[PDB]
């Protein structure tokens, strides 16, 4: 089974530019080379070419609706192609508005996949609940079958069709949820392990419960959307929306090591790394190196060691 890296240098999902430099920063740190040192065969698709859309006026509150919807439509078609060729897809973010396209194309080939969303935010605001118009905080809303038609059709996402139900997703790391988002998850009954559950159960018991909840009935493809700001700002400083009291370096590597070991990883996202957002160059290097550490962990690198 081979790995396919896909660059998604996108920033229209939010206001801060620079996140579109995440793919390259990740590559600068030597992500591809280190990945070839693993058991997987690695192919690099390069970065997608996103067509800026000139007259992209806000749909009500939603900003850059057409740019975001057009960029995700491309990503889906690409991801669906590599999943269609039996390869694990690895999308390097820009912002997480690209998760819409990553999960969508992936779910076209493996419509039975589950989603593990490591993040400090649920990103489940709908065009009507979002306090800001940033689409990097509404991905999940465009994908959930239950939310289908709960908000007006947004220009650019007509190609979208909810692919997952509230039962196929599990959140890990939550510590910054909005009233609407919180109402949504409690009503739809989405499974989540916010920081308070990681503090109560411990990350080991969390992964165990995540797996039996998602893979208990049948083993199926896993799709991990890791948002760099899921870990504490002491580890991943260079992120647009940092929240204190998050996951530790260890707990992060633990989640990816457990997902690796399940042998079910099918799709992977490394989002929200903004190479221009730390306080110092070291904060950036720190954020990037840990992002690479997590991607490598998802593909075999164990802390106990490794040998051929």
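Positions refer to the first chain, counted from 1.
Checked against the record, the higher mean CA B factor of 67-75 and 140-148 lies with 67-75. Per the PDB record, of the two stretches 241-249 and 47-55, 47-55 carries the greater mean B-factor over its C-alpha atoms. Note on 125, 82, 212, 196: the highest value goes to 82, judged by CA B factor as recorded.
Within the group 263, 30, 278, 267, the record's highest C-alpha temperature factor is found at 278. In the deposited entry, the Cα temperature factor of residue 117 sits in the bottom third of values across the chain's modelled residues. Among all modelled residues in its chain, residue 202 ranks in the lowest third by Cα B-factor. For residue 18, the recorded CA temperature factor ranks within the highest third of the chain's modelled residues. Annotation for residue 163: CA B-factor lies in the highest third of the chain's modelled residues. Ranked against the other modelled residues of its chain, the C-alpha B-factor of residue 95 as given in the entry falls in the middle third.
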